[PDB]
Amino acid sequence: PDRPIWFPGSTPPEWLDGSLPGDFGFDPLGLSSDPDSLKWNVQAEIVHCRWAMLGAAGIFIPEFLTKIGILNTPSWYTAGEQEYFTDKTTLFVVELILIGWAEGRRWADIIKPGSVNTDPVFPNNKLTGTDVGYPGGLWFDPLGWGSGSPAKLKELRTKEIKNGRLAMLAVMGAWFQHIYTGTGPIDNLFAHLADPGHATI
Amino acid sequence: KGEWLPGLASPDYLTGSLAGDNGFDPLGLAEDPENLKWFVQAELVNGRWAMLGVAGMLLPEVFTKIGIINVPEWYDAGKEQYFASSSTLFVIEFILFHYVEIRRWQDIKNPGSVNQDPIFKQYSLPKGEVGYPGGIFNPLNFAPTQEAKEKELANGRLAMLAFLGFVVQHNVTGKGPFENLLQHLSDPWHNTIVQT
Amino acid sequence: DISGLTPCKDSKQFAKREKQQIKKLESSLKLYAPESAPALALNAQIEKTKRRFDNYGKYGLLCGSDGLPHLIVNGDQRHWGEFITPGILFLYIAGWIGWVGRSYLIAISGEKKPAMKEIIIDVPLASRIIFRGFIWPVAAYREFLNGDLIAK
Amino acid sequence: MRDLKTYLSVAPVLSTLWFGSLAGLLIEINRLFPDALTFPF
Ligand code: CLA
Ligand SMILES: CC(/C=C/C=C(C)/C=C/[C@@]12O[C@]1(C)C[C@@H](O)CC2(C)C)=C\C=C\C=C(C)\C=C\C=C(C)\C=C\[C@@]12O[C@]1(C)C[C@@H](O)CC2(C)C
Ligand SMILES: CC(/C=C/C=C(C)/C=C/[C@@]12O[C@]1(C)C[C@@H](O)CC2(C)C)=C\C=C\C=C(C)\C=C\C=C(C)\C=C\[C@@]12O[C@]1(C)C[C@@H](O)CC2(C)C
Ligand SMILES: CC1=C(\C=C/C(C)=C/C=C/C(C)=C/C=C/C=C(C)/C=C\C=C(C)\C=C\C2=C(C)CCCC2(C)C)C(C)(C)CCC1
């Protein structure tokens, strides 16, 4: 109730009580009024955050090293037009099959929690997670930092959520910068730092 | 028994008392018990025919790797000449299969009503299930436990899928089934359903 | 030659019709520069007309004395594509639609206020029912055999 | 919003969406395969 709010002096929506990690009461359109939509949106936000962080790393770290000359990798924008050892549709089909198996078990855990926690082949192996969206276990949590007191869990999940939101914004920014300026994302930063007054849209 | 899709609840009419029951019926064809009774026999017969068909399509073609015999491929065997015309063989097959399938059909309606030989009255099949005749049809006296029935049904389903693959592949590729496997094994990453 | 008809590829009136249409299309092309977009559109139209006439010639249709194709619906195997196959496809699709509608109507008949579920569609139930109509012939035949199809 | 989803299930809106998708599909099919008079396959 006394948590910081996105709009100081306003009243947060009723369905946002601050229990969820990274909660600031921002929901002007009320897209998650009923609980089912709230759970679905939480899962979607977590997935989007993690995918976006991976994408941001894979876009920005390779492009940084290419500019300074350690590697000679192509642009992320045109990385899809190179020729590889096989046709792109074959890679797309392999990806579709593998990620369909991977995400299929994730869909079942959302609908019916606690039903896909056992290894189909070797029953001796199990996932130790208890929350939807945080599978846990040795496969996904080898270091054992994913379990503990509620305060630690809330702090870690808030950190993850905020970092994921920042990564989503950064990825969208990089895409639009390459669309408009027609130049690599790292070049834009150096151009801005050269003439901060004038290096602008 | 097992679940064809974890996280989804099995239908109530699939109680697991049948062999090879994995609770797979998304479209609800077997809601009526009579429909399930008919479809079990239909699946059994279709699989039993499909396994023999697949064995007759694949094995008489693997000769090329061994070079023992010389037989045309499965889609060209019809055009070959034989000691009798197609019409006579078709008529004889019709005449025999009519009696065979009419005899088989009567057991589904009234089980235990066709267990006695029609000519030699002292010969009869021992009582059994509807789709598992036994008796003379089981000369080696293998015990028909549930495990063997599940193995039979799994093999039948796999053979149905194999026959569908055999039919579809020839239509688009124009060759037999064994050379398609060899072509794939030559360059796996370039020879798939995606030709490019 | 059923009923005195002739093949499209052997009909002179068919070629005359094609030539007349092409000549009519080419007259308007002379009013525009070759690089202009209307010239490209007219060229595409001419190419489409030629392709359509060639395709009609290839499919083995029958032409009358006026140079127009005619359809045979008597059941000859040489013309099963004009009426028989599209008819079977239409029958399958219409049976699918009717079976889906009947199943949805039957499903909501036991509710307290069934008239309310007809103006405000229960989307999940309909979506779960939609895929079921792909095997409508088997379900209809078995329902007829069990005596469930007709109301008592 | 539950009340917003309820308004999307009313008969006219659902009919309009269904028929728009249907017309788009038919127009695209006719664009890909123009001037069809007989079933050739
Ligand atoms: C993390 C987000 C982020 C960051 C750090 C940047 C940074 C930059 N952008 Mg940019 N951008 C972003 C998102 C972002 N953008 C998004 C989402 C879009 C799509 C609308 C764009 C579209 C865009 C264009 C079209 C151009 C830039 C350009 C630039 C560079 C010059 C500064 C400028 O004019 O910015 C302008 C930035 C915006 C108009 C987007 C608004 C800022 C977003 C909302 C994030 C706000 C910052 C955040 C709240 C503060 C905390 C994070 C902080 C630690 C960075 C600079 C390196 C210019 C360039 O190439 O430089 C030479 C340029 O021409 N950006
Ligand atoms: C989510 C998102 C945008 C978010 C939108 C917002 C804030 C909406 C906010 C609101 O809803 C709230 C909160 C509440 C509502 O009441 C009001 C509104 C206002 C409606 C962006 C990105 C979302 C998604 C992202 C970032 C996707 C990432 C993509 C990846 C992983 C790309 C990877 C690769 O780049 C590599 C690594 C290497 C390359 O070679 C190849 C490729 C494949 C290109
Ligand atoms: C019998 C058979 C093949 C038999 C072949 C025979 C005898 C002979 C072939 C020959 O080669 C020889 C030997 C010699 C050659 O010279 C001549 C021929 C004649 C060529 C195939 C069956 C093949 C049978 C098949 C493929 C059946 C598939 C069924 C499926 C997939 C059903 C799925 C579902 O029904 C469920 C289970 C549940 C529902 O709720 C949902 C859905 C999804 C609808
Ligand atoms: C021969 C022929 C002809 C003529 C005639 C005819 C065709 C007649 C009749 C027919 C018929 C007569 C059919 C059918 C029948 C049926 C019955 C016997 C019963 C019943 C039915 C029903 C009732 C149905 C219903 C339904 C369904 C199932 C689906 C969906 C919808 C509905 C629900 C409606 C022609 C030349 C044209 C063509 C060729 C062939």
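For chain B, we keep the numbers from Swiss-Prot: what you see runs 54-249, in order.
Per the header: electron microscopy, 3.2 Å.
Cβ atoms are placed via backbone N, Cα and C, with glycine included.
Neighbour density for B:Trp57 (chlorophyll b 1 binding site): within 10 A of its CB lie 11 other CB atoms from the protein chains shown. Residues annotated as chlorophyll b 1 binding site in Swiss-Prot: B:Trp57.
In this structure, B:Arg210 (chlorophyll a 1 binding site) is part of a helix by DSSP. If you look up Swiss-Prot, you'll see B:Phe77, B:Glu96, B:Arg210 marked as chlorophyll a 1 binding site.
Sequence annotations record features per position, and here Swiss-Prot assigns chlorophyll b 2 binding site to B:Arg101, B:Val144 based on similarity to another entry. When other Cβ atoms within 10 Å of the Cβ of B:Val144 (chlorophyll b 2 binding site) are tallied across all protein chains shown, the result is 11.
Here Swiss-Prot flags B:102-122 (among others) as transmembrane segment, drawing on sequence analysis. Beyond its flanks by at least six residues, the transmembrane segment (B:102-122) meets 208-209, 212-213, 215-216, 219, 229-231 of its own chain at Cβ-Cβ distances under 8 Å.
Per Swiss-Prot, the feature transmembrane segment maps to B:135-155 (among others).
Marked as chlorophyll b 3 binding site by Swiss-Prot on the basis of similarity to another entry: B:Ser138, B:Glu154. In this structure, B:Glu154 (chlorophyll b 3 binding site) is part of a helix by DSSP.
Using a 10 Å Cβ-Cβ cutoff, B:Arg157 (chlorophyll b 4 binding site) registers 15 neighbours. Residues or ranges marked as chlorophyll b 4 binding site in Swiss-Prot: B:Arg157.
Look at Swiss-Prot and you will find B:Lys204, B:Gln222 tagged as chlorophyll a 5 binding site, backed by similarity to another entry. Sequence-distant contacts (6 or more apart, same chain, Cβ under 8 Å) of B:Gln222 (chlorophyll a 5 binding site) comprise B:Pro230, B:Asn233.
Marked as chlorophyll a 3 binding site by Swiss-Prot: B:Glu205. Neighbour density for B:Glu205 (chlorophyll a 3 binding site): within 10 A of its CB lie 18 other CB atoms from the protein chains shown.
According to Swiss-Prot, the feature chlorophyll a 4 binding site maps to B:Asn208, an assignment based on similarity to another entry. Taking all protein chains in view, 15 other C-beta atoms sit within 10 angstroms of the C-beta of B:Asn208 (chlorophyll a 4 binding site).
In the three-state DSSP assignment, the secondary structure recorded for B:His237 (chlorophyll a 6 binding site) is helix. Under the heading chlorophyll a 6 binding site, Swiss-Prot lists B:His237.
With a 10 A radius on its CB, B:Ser138 (chlorophyll b 3 binding site) counts 10 other CB atoms from all the protein chains. Outside the transmembrane segment (B:135-155) by six or more residues, the chain places nothing with a CB less than 8 A from a CB of the stretch.
Rounded to a whole value, the Cα-Cα separation of B:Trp57 (chlorophyll b 1 binding site) and B:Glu96 (chlorophyll a 1 binding site) is 18 Å. Listed in sequence order, the residues B:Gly73, B:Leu206, B:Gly209 complete the 8 Å Cβ shell around the chlorophyll a 1 site centroid, once B:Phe77, B:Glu96, B:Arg210 themselves are left out. Cβ neighbour counts within 10 Å, taken over all protein chains shown, single out B:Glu96 as the most crowded of the binding-site residues B:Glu96, B:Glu154.
In sequence order, the binding-site residues near B:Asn208 (chlorophyll a 4 binding site) (Cα within 10 Å of its Cα) are B:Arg101, drawn from B:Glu96, B:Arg101, B:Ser138, B:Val144, B:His237.
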